[PDB]
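final-v5.pdb follows; it contains PDB, C-alpha atoms and all ligand atoms.
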```pdb
ATOM      1  CA  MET A   1     133.702  80.143  74.907
ATOM      2  CA  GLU A   2     134.124  77.376  72.389
ATOM      3  CA  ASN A   3     132.865  75.325  75.363
ATOM      4  CA  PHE A   4     129.322  76.798  75.118
ATOM      5  CA  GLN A   5     126.619  76.808  72.503
ATOM      6  CA  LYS A   6     124.278  79.791  72.650
ATOM      7  CA  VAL A   7     120.688  78.715  72.672
ATOM      8  CA  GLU A   8     118.997  82.063  72.603
ATOM      9  CA  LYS A   9     119.230  85.643  73.705
ATOM     10  CA  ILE A  10     117.529  86.149  76.952
ATOM     11  CA  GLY A  11     117.849  89.874  76.996
ATOM     12  CA  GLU A  12     119.949  92.897  77.684
ATOM     13  CA  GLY A  13     121.316  93.306  81.104
ATOM     14  CA  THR A  14     123.020  96.089  82.950
ATOM     15  CA  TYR A  15     126.478  95.083  81.490
ATOM     16  CA  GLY A  16     125.750  93.332  78.257
ATOM     17  CA  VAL A  17     123.741  90.860  76.309
ATOM     18  CA  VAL A  18     122.675  87.821  78.343
ATOM     19  CA  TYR A  19     122.335  84.526  76.618
ATOM     20  CA  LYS A  20     120.934  81.155  77.475
ATOM     21  CA  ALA A  21     123.633  78.660  76.593
ATOM     22  CA  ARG A  22     124.501  75.035  76.846
ATOM     23  CA  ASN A  23     127.864  73.699  77.916
ATOM     24  CA  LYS A  24     129.206  71.392  75.198
ATOM     25  CA  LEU A  25     131.060  69.003  77.582
ATOM     26  CA  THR A  26     128.884  68.766  80.711
ATOM     27  CA  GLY A  27     125.630  69.599  78.959
ATOM     28  CA  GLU A  28     124.790  72.168  81.690
ATOM     29  CA  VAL A  29     122.295  74.904  80.752
ATOM     30  CA  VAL A  30     123.514  78.316  81.962
ATOM     31  CA  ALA A  31     123.008  82.012  81.576
ATOM     32  CA  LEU A  32     126.050  83.635  79.951
ATOM     33  CA  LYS A  33     126.593  87.340  80.467
ATOM     34  CA  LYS A  34     128.973  89.303  78.297
ATOM     35  CA  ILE A  35     130.578  92.241  80.180
ATOM     36  CA  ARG A  36     131.075  95.290  77.972
ATOM     37  CA  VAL A  37     139.710  94.333  81.834
ATOM     38  CA  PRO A  38     141.222  95.910  84.903
ATOM     39  CA  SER A  39     142.863  93.782  87.588
ATOM     40  CA  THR A  40     140.707  95.212  90.364
ATOM     41  CA  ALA A  41     137.524  94.017  88.687
ATOM     42  CA  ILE A  42     138.763  90.467  88.104
ATOM     43  CA  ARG A  43     139.769  90.230  91.766
ATOM     44  CA  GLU A  44     136.437  91.505  93.008
ATOM     45  CA  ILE A  45     134.446  89.187  90.810
ATOM     46  CA  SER A  46     136.619  86.350  91.669
ATOM     47  CA  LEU A  47     135.702  86.818  95.302
ATOM     48  CA  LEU A  48     132.005  86.535  94.490
ATOM     49  CA  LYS A  49     132.501  82.940  93.418
ATOM     50  CA  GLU A  50     132.604  81.976  97.058
ATOM     51  CA  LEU A  51     129.594  83.971  98.270
ATOM     52  CA  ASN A  52     127.179  81.152  97.944
ATOM     53  CA  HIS A  53     123.582  81.121  99.239
ATOM     54  CA  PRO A  54     120.301  79.474  98.154
ATOM     55  CA  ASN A  55     118.749  82.894  97.478
ATOM     56  CA  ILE A  56     121.729  84.192  95.439
ATOM     57  CA  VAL A  57     122.000  83.184  91.793
ATOM     58  CA  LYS A  58     125.149  81.025  91.685
ATOM     59  CA  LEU A  59     128.159  82.440  89.822
ATOM     60  CA  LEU A  60     129.552  79.326  88.150
ATOM     61  CA  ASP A  61     132.656  80.685  86.519
ATOM     62  CA  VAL A  62     134.361  83.720  85.073
ATOM     63  CA  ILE A  63     135.850  83.536  81.594
ATOM     64  CA  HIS A  64     138.424  86.089  80.470
ATOM     65  CA  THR A  65     139.859  85.643  76.965
ATOM     66  CA  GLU A  66     141.171  87.993  74.392
ATOM     67  CA  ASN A  67     140.398  90.825  76.616
ATOM     68  CA  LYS A  68     136.658  89.976  76.732
ATOM     69  CA  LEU A  69     134.859  88.889  79.950
ATOM     70  CA  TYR A  70     131.978  86.463  80.417
ATOM     71  CA  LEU A  71     130.316  85.509  83.588
ATOM     72  CA  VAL A  72     128.616  82.114  83.760
ATOM     73  CA  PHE A  73     125.628  81.986  85.996
ATOM     74  CA  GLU A  74     123.020  79.477  87.134
ATOM     75  CA  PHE A  75     119.942  79.632  84.826
ATOM     76  CA  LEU A  76     116.445  80.233  86.178
ATOM     77  CA  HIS A  77     113.341  80.244  84.193
ATOM     78  CA  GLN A  78     111.951  83.749  84.612
ATOM     79  CA  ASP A  79     112.501  87.140  86.288
ATOM     80  CA  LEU A  80     110.097  88.920  88.626
ATOM     81  CA  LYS A  81     109.227  91.627  86.115
ATOM     82  CA  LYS A  82     107.881  89.020  83.686
ATOM     83  CA  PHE A  83     106.094  87.222  86.551
ATOM     84  CA  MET A  84     104.487  90.451  87.714
ATOM     85  CA  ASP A  85     103.363  91.354  84.207
ATOM     86  CA  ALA A  86     101.889  87.922  83.709
ATOM     87  CA  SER A  87     100.113  88.168  87.048
ATOM     88  CA  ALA A  88      98.716  91.609  86.353
ATOM     89  CA  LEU A  89      94.997  90.768  86.043
ATOM     90  CA  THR A  90      94.833  89.416  89.464
ATOM     91  CA  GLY A  91      98.071  90.233  91.373
ATOM     92  CA  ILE A  92     100.584  87.872  93.027
ATOM     93  CA  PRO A  93      98.882  86.342  96.027
ATOM     94  CA  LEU A  94      99.940  87.759  99.388
ATOM     95  CA  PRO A  95     101.409  84.542 100.795
ATOM     96  CA  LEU A  96     103.663  84.289  97.768
ATOM     97  CA  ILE A  97     104.635  88.026  98.065
ATOM     98  CA  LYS A  98     105.446  87.288 101.641
ATOM     99  CA  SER A  99     107.462  84.204 100.839
ATOM    100  CA  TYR A 100     109.500  86.036  98.169
ATOM    101  CA  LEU A 101     110.253  88.970 100.505
ATOM    102  CA  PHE A 102     111.383  86.642 103.288
ATOM    103  CA  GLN A 103     113.711  84.738 100.949
ATOM    104  CA  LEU A 104     115.105  88.004  99.476
ATOM    105  CA  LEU A 105     115.741  89.238 102.982
ATOM    106  CA  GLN A 106     117.608  85.978 103.685
ATOM    107  CA  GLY A 107     119.755  86.614 100.631
ATOM    108  CA  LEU A 108     120.507  90.169 101.697
ATOM    109  CA  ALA A 109     121.218  89.215 105.290
ATOM    110  CA  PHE A 110     123.826  86.746 104.016
ATOM    111  CA  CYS A 111     125.669  89.130 101.664
ATOM    112  CA  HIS A 112     125.412  92.056 104.026
ATOM    113  CA  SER A 113     126.979  89.884 106.789
ATOM    114  CA  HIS A 114     130.059  89.685 104.494
ATOM    115  CA  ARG A 115     129.927  93.418 103.658
ATOM    116  CA  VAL A 116     128.894  92.923 100.089
ATOM    117  CA  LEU A 117     126.160  95.030  98.604
ATOM    118  CA  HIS A 118     124.051  94.633  95.552
ATOM    119  CA  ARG A 119     123.391  98.330  94.832
ATOM    120  CA  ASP A 120     121.138  97.706  91.926
ATOM    121  CA  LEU A 121     118.122  95.579  92.903
ATOM    122  CA  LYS A 122     115.257  95.678  90.493
ATOM    123  CA  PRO A 123     112.605  93.160  89.315
ATOM    124  CA  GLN A 124     114.754  92.147  86.355
ATOM    125  CA  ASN A 125     117.498  90.866  88.697
ATOM    126  CA  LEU A 126     115.181  88.865  90.874
ATOM    127  CA  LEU A 127     114.793  85.387  89.327
ATOM    128  CA  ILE A 128     112.248  82.704  90.121
ATOM    129  CA  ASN A 129     111.784  78.989  89.667
ATOM    130  CA  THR A 130     109.011  76.410  89.722
ATOM    131  CA  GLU A 131     109.703  75.229  93.282
ATOM    132  CA  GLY A 132     108.694  78.655  94.750
ATOM    133  CA  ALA A 133     112.269  79.984  95.262
ATOM    134  CA  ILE A 134     113.423  83.536  94.382
ATOM    135  CA  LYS A 135     117.075  84.586  94.054
ATOM    136  CA  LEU A 136     119.110  87.791  93.545
ATOM    137  CA  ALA A 137     121.085  88.067  90.325
ATOM    138  CA  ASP A 138     124.175  90.280  89.714
ATOM    139  CA  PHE A 139     125.077  90.623  93.326
ATOM    140  CA  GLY A 140     128.333  92.488  93.798
ATOM    141  CA  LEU A 141     128.772  93.500  90.123
ATOM    142  CA  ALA A 142     128.174  97.174  90.812
ATOM    143  CA  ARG A 143     131.196  97.640  92.958
ATOM    144  CA  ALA A 144     133.202  95.469  90.602
ATOM    145  CA  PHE A 145     132.289  97.198  87.346
ATOM    146  CA  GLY A 146     130.364 100.390  88.397
ATOM    147  CA  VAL A 147     126.706 101.287  87.604
ATOM    148  CA  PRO A 148     126.326 103.269  84.343
ATOM    149  CA  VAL A 149     123.669 105.824  83.247
ATOM    150  CA  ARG A 150     122.972 103.774  80.042
ATOM    151  CA  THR A 151     123.517 100.107  79.224
ATOM    152  CA  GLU A 152     118.915 101.210  77.599
ATOM    153  CA  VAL A 153     118.364 103.639  80.354
ATOM    154  CA  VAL A 154     119.347 102.398  83.767
ATOM    155  CA  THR A 155     116.287 102.605  85.979
ATOM    156  CA  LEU A 156     116.337 104.913  88.995
ATOM    157  CA  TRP A 157     113.118 103.562  90.384
ATOM    158  CA  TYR A 158     114.689 101.575  93.129
ATOM    159  CA  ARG A 159     117.529 103.900  94.030
ATOM    160  CA  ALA A 160     117.838 104.977  97.734
ATOM    161  CA  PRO A 161     117.637 108.685  98.560
ATOM    162  CA  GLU A 162     121.164 108.865  99.983
ATOM    163  CA  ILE A 163     122.562 107.828  96.592
ATOM    164  CA  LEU A 164     120.420 110.508  94.814
ATOM    165  CA  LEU A 165     121.553 113.075  97.350
ATOM    166  CA  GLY A 166     125.229 112.306  96.485
ATOM    167  CA  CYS A 167     126.378 110.397  99.588
ATOM    168  CA  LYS A 168     129.697 108.820  98.637
ATOM    169  CA  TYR A 169     129.835 106.054 101.234
ATOM    170  CA  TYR A 170     126.431 104.546 101.320
ATOM    171  CA  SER A 171     125.814 101.238 102.994
ATOM    172  CA  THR A 172     123.917  97.984 102.943
ATOM    173  CA  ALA A 173     120.892 100.044 103.740
ATOM    174  CA  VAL A 174     120.516 100.958 100.054
ATOM    175  CA  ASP A 175     119.515  97.375  99.229
ATOM    176  CA  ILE A 176     116.779  97.422 101.917
ATOM    177  CA  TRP A 177     115.338 100.568 100.327
ATOM    178  CA  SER A 178     115.267  98.878  96.901
ATOM    179  CA  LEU A 179     113.557  95.724  98.216
ATOM    180  CA  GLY A 180     110.971  97.887  99.945
ATOM    181  CA  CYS A 181     110.118  99.543  96.666
ATOM    182  CA  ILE A 182     109.867  96.139  95.090
ATOM    183  CA  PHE A 183     107.628  94.883  97.942
ATOM    184  CA  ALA A 184     105.263  97.803  97.420
ATOM    185  CA  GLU A 185     105.247  97.051  93.624
ATOM    186  CA  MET A 186     104.260  93.466  94.155
ATOM    187  CA  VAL A 187     101.457  94.481  96.437
ATOM    188  CA  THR A 188      99.951  97.310  94.284
ATOM    189  CA  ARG A 189     100.852  96.082  90.810
ATOM    190  CA  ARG A 190     102.401  99.412  90.126
ATOM    191  CA  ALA A 191     105.966 100.791  90.579
ATOM    192  CA  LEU A 192     106.075 102.880  93.741
ATOM    193  CA  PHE A 193     108.434 105.684  92.491
ATOM    194  CA  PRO A 194     108.806 105.539  88.667
ATOM    195  CA  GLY A 195     111.151 108.483  88.205
ATOM    196  CA  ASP A 196     112.333 109.429  84.771
ATOM    197  CA  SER A 197     115.213 111.553  85.866
ATOM    198  CA  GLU A 198     117.245 112.050  89.026
ATOM    199  CA  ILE A 199     115.176 115.011  90.248
ATOM    200  CA  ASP A 200     111.962 113.398  89.141
ATOM    201  CA  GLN A 201     112.996 110.349  91.218
ATOM    202  CA  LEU A 202     113.717 112.399  94.298
ATOM    203  CA  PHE A 203     110.562 114.455  94.052
ATOM    204  CA  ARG A 204     108.454 111.284  93.691
ATOM    205  CA  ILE A 205     109.995 110.021  96.907
ATOM    206  CA  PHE A 206     109.443 113.351  98.612
ATOM    207  CA  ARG A 207     105.840 113.558  97.365
ATOM    208  CA  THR A 208     105.007 110.222  99.086
ATOM    209  CA  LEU A 209     107.242 110.212 102.173
ATOM    210  CA  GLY A 210     107.473 113.958 102.855
ATOM    211  CA  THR A 211     110.401 116.158 101.945
ATOM    212  CA  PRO A 212     113.191 115.014 104.400
ATOM    213  CA  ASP A 213     114.604 117.495 106.917
ATOM    214  CA  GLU A 214     116.808 117.589 109.919
ATOM    215  CA  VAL A 215     113.971 116.258 112.130
ATOM    216  CA  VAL A 216     113.594 112.958 110.242
ATOM    217  CA  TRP A 217     117.137 112.696 108.862
ATOM    218  CA  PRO A 218     119.927 114.424 110.803
ATOM    219  CA  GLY A 219     122.590 115.642 108.424
ATOM    220  CA  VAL A 220     120.448 115.502 105.335
ATOM    221  CA  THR A 221     120.696 119.230 104.638
ATOM    222  CA  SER A 222     124.488 118.834 104.369
ATOM    223  CA  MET A 223     124.418 116.185 101.683
ATOM    224  CA  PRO A 224     126.177 117.203  98.413
ATOM    225  CA  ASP A 225     123.084 117.371  96.224
ATOM    226  CA  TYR A 226     120.629 118.652  98.781
ATOM    227  CA  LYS A 227     119.089 122.062  97.980
ATOM    228  CA  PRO A 228     117.173 124.269 100.500
ATOM    229  CA  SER A 229     114.985 125.165  97.552
ATOM    230  CA  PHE A 230     113.526 121.639  97.297
ATOM    231  CA  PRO A 231     109.751 121.949  97.567
ATOM    232  CA  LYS A 232     108.419 120.840 100.969
ATOM    233  CA  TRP A 233     105.763 118.247 100.601
ATOM    234  CA  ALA A 234     103.818 116.559 103.451
ATOM    235  CA  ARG A 235     104.137 112.836 104.021
ATOM    236  CA  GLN A 236     101.221 110.505 103.077
ATOM    237  CA  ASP A 237      99.815 107.637 105.179
ATOM    238  CA  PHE A 238     101.037 104.184 104.192
ATOM    239  CA  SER A 239      97.334 103.310 104.235
ATOM    240  CA  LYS A 240      97.080 105.311 101.017
ATOM    241  CA  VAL A 241     100.338 104.068  99.517
ATOM    242  CA  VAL A 242      99.960 100.313  99.633
ATOM    243  CA  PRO A 243      96.241  99.899 100.612
ATOM    244  CA  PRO A 244      95.698  96.320 100.309
ATOM    245  CA  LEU A 245      98.494  95.570 102.824
ATOM    246  CA  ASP A 246      97.681  94.826 106.402
ATOM    247  CA  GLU A 247      99.263  96.724 109.332
ATOM    248  CA  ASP A 248     102.172  94.270 109.842
ATOM    249  CA  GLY A 249     103.121  94.673 106.202
ATOM    250  CA  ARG A 250     102.736  98.438 106.353
ATOM    251  CA  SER A 251     104.855  98.566 109.505
ATOM    252  CA  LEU A 252     107.665  96.578 107.912
ATOM    253  CA  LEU A 253     107.515  98.603 104.646
ATOM    254  CA  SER A 254     107.757 101.892 106.575
ATOM    255  CA  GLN A 255     110.884 100.665 108.403
ATOM    256  CA  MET A 256     112.428  99.580 105.137
ATOM    257  CA  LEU A 257     111.630 103.070 103.731
ATOM    258  CA  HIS A 258     113.121 105.177 106.592
ATOM    259  CA  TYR A 259     114.949 108.194 105.173
ATOM    260  CA  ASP A 260     117.882 107.881 107.639
ATOM    261  CA  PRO A 261     119.977 104.954 106.434
ATOM    262  CA  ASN A 262     121.267 104.289 109.927
ATOM    263  CA  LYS A 263     117.717 103.805 111.230
ATOM    264  CA  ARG A 264     116.417 101.923 108.253
ATOM    265  CA  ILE A 265     115.724  98.322 109.330
ATOM    266  CA  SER A 266     118.400  95.747 108.589
ATOM    267  CA  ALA A 267     117.727  92.509 106.675
ATOM    268  CA  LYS A 268     118.379  90.429 109.799
ATOM    269  CA  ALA A 269     115.944  92.465 111.904
ATOM    270  CA  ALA A 270     113.414  92.492 109.092
ATOM    271  CA  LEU A 271     113.397  88.681 109.163
ATOM    272  CA  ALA A 272     112.277  88.839 112.810
ATOM    273  CA  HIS A 273     109.354  91.216 112.065
ATOM    274  CA  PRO A 274     105.883  89.938 112.967
ATOM    275  CA  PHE A 275     104.812  90.147 109.285
ATOM    276  CA  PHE A 276     106.640  86.859 108.857
ATOM    277  CA  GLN A 277     104.900  85.041 111.702
ATOM    278  CA  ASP A 278     102.805  83.021 109.309
ATOM    279  CA  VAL A 279     105.146  82.904 106.327
ATOM    280  CA  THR A 280     104.969  79.880 104.038
ATOM    281  CA  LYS A 281     106.462  78.778 100.714
ATOM    282  CA  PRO A 282     103.780  78.550  98.059
ATOM    283  CA  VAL A 283     104.564  77.649  94.465
ATOM    284  CA  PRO A 284     103.755  80.014  91.644
ATOM    285  CA  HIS A 285     101.829  79.226  88.533
ATOM    286  CA  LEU A 286     104.526  79.419  85.839
ATOM    287  CA  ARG A 287     103.962  78.984  82.084
ATOM    288  CA  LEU A 288     107.381  78.303  80.580
TER     289      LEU A 288
HETATM  290  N1  LIG B 301     116.836  83.093  83.039
HETATM  291  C1  LIG B 301     117.814  83.889  83.495
HETATM  292  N2  LIG B 301     117.900  85.207  83.158
HETATM  293  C2  LIG B 301     118.892  85.967  83.613
HETATM  294  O1  LIG B 301     118.990  87.271  83.338
HETATM  295  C3  LIG B 301     117.619  87.717  83.222
HETATM  296  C4  LIG B 301     117.550  89.230  83.287
HETATM  297  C5  LIG B 301     118.669  89.846  82.420
HETATM  298  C6  LIG B 301     117.986  90.889  81.574
HETATM  299  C7  LIG B 301     116.513  90.583  81.710
HETATM  300  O2  LIG B 301     115.702  91.152  80.991
HETATM  301  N3  LIG B 301     116.279  89.651  82.691
HETATM  302  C8  LIG B 301     119.824  85.373  84.529
HETATM  303  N4  LIG B 301     120.870  85.914  85.143
HETATM  304  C9  LIG B 301     121.393  84.904  85.791
HETATM  305  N5  LIG B 301     120.694  83.764  85.630
HETATM  306  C10 LIG B 301     119.695  83.995  84.809
HETATM  307  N6  LIG B 301     118.699  83.310  84.288
END
```
Would you kindly transcribe this structure into structure tokens?
Amino acid sequence: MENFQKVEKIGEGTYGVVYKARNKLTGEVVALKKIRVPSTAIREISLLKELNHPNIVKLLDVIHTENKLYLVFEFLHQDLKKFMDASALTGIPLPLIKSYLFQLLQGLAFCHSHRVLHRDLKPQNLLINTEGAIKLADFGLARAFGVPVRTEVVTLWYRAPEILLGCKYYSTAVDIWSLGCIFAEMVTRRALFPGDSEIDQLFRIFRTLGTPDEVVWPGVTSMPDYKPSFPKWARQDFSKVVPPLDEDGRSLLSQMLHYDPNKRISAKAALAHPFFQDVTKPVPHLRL
């Protein structure tokens, strides 16, 4: 760490305080994340150093000294939550929503092809630049360090239903669910399922997509946290959930929101959906 000068505190992340810093020898500007150390974790992280893709924030190095751990990442100038908030009066234009989704799907397809999951996608770990790129931050850190209840409260808004129902061996499909919620959020300017507890989260899902049963999700009634006493709500039309969105968009979103994780659309198949027939790469208006 003597090799870096901290420029400012960017914020609080899932695992610790995140700083903007400058490397004293190379001059590189980076994001430095303090992790608040078991062998297993160091090995896992170490493997993420080779999982390189243009839509994945680059892990530059891992620093482990005096039993403290710092991850050095590529620095981008803003996250999607701040971009959304700044764009609130008028919304992010559809072609840019579309471009970001496509690129995020490319990111996911890459990691998922190597069996690595994110597990904790949320606007705050989606980072953008001035060229129109968007990239996924903290990929793989969940399985390396776990996902805690508090850091700040950890948000449940983007969590897939299988996780909430206590499935122990969930799959890459959880990341597709998350991205779908984020897609809907971009389009409506409002979080799709803003739960404030685990049951509140589930019931928000059920209130919009219908309470899941054996017809839509074989095996669901056997999941560890499923209760027969869950209220049974009817599903709503996607026309009411994300109105602005045209039918291609609504079709894709519904496939990314399938209850059954084995039928939920994959990132690779999502990339082939007709929604992306006319995709382009616009540049955002960013005030840095
Ligand atoms: N600019 C920036 N910011 C980061 O974290 C931003 C998230 C953390 C908590 C928050 O509020 N936003 C990064 N992570 C890797 N590279 C980064 N570059």
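Residues within 8 Å of segment 226-235 of chain A, counting all atoms listed in the file and excluding same-chain residues fewer than 5 positions away, are residues 165, 206, 207, 208, 209, 210, 211, 220 and 221 of chain A.
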Problem - Neighbours of point (128.8, 100.3, 102.3) within 8 Å, using all atoms listed in the file, written as a ChimeraX atom specification - result: /A:115-117,169-172
Problem - Closest of A:204, A:22, A:281, A:33 to residue 134 of chain A - atom-to-atom distances counting only C-alpha atoms - result: A:281
All residues within 10 Å of ligand LIG 301 (chain B) are required, counting all atoms listed in the file; please report them as a compact mmCIF listing (two decimals) with C-alpha atoms, in the coordinates of the input.
```txt
# COMPACT_ATOMS: atom_id res chain seq x y z
CA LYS A 9 119.23 85.64 73.70
CA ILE A 10 117.53 86.15 76.95
CA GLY A 11 117.85 89.87 77.00
CA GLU A 12 119.95 92.90 77.68
CA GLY A 13 121.32 93.31 81.10
CA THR A 14 123.02 96.09 82.95
CA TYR A 15 126.48 95.08 81.49
CA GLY A 16 125.75 93.33 78.26
CA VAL A 17 123.74 90.86 76.31
CA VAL A 18 122.68 87.82 78.34
CA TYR A 19 122.34 84.53 76.62
CA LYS A 20 120.93 81.16 77.47
CA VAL A 29 122.30 74.90 80.75
CA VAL A 30 123.51 78.32 81.96
CA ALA A 31 123.01 82.01 81.58
CA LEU A 32 126.05 83.64 79.95
CA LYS A 33 126.59 87.34 80.47
CA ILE A 56 121.73 84.19 95.44
CA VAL A 57 122.00 83.18 91.79
CA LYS A 58 125.15 81.03 91.68
CA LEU A 59 128.16 82.44 89.82
CA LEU A 71 130.32 85.51 83.59
CA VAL A 72 128.62 82.11 83.76
CA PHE A 73 125.63 81.99 86.00
CA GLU A 74 123.02 79.48 87.13
CA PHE A 75 119.94 79.63 84.83
CA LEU A 76 116.44 80.23 86.18
CA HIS A 77 113.34 80.24 84.19
CA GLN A 78 111.95 83.75 84.61
CA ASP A 79 112.50 87.14 86.29
CA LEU A 80 110.10 88.92 88.63
CA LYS A 81 109.23 91.63 86.12
CA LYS A 82 107.88 89.02 83.69
CA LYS A 122 115.26 95.68 90.49
CA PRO A 123 112.60 93.16 89.32
CA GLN A 124 114.75 92.15 86.36
CA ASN A 125 117.50 90.87 88.70
CA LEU A 126 115.18 88.86 90.87
CA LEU A 127 114.79 85.39 89.33
CA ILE A 128 112.25 82.70 90.12
CA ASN A 129 111.78 78.99 89.67
CA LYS A 135 117.08 84.59 94.05
CA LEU A 136 119.11 87.79 93.54
CA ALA A 137 121.08 88.07 90.32
CA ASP A 138 124.18 90.28 89.71
```
Exercise for the section: Find the spatial neighbours of segment 88-98 of chain A, counting all atoms listed in the file, within a cut-off of 10 Å - ignore same-chain residues fewer than 3 positions away - and output them as a PyMOL selection string. Expected result: chain A and resi 82-85+101-104+132-133+183-184+186-190+244-245+249+275-276+278-285
Practice task
Given the file shown, enumerate the residues that the PyMOL selection byres (((chain A and resi 201) around 10) and not hetatm) captures and present them as a list in words.
Solution key: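 Expected selection for the PyMOL selection byres (((chain A and resi 201) around 10) and not hetatm) here is residues 155, 156, 157, 158, 159, 160, 161, 164, 193, 194, 195, 196, 197, 198, 199, 200, 202, 203, 204, 205, 206 and 207 of chain A.
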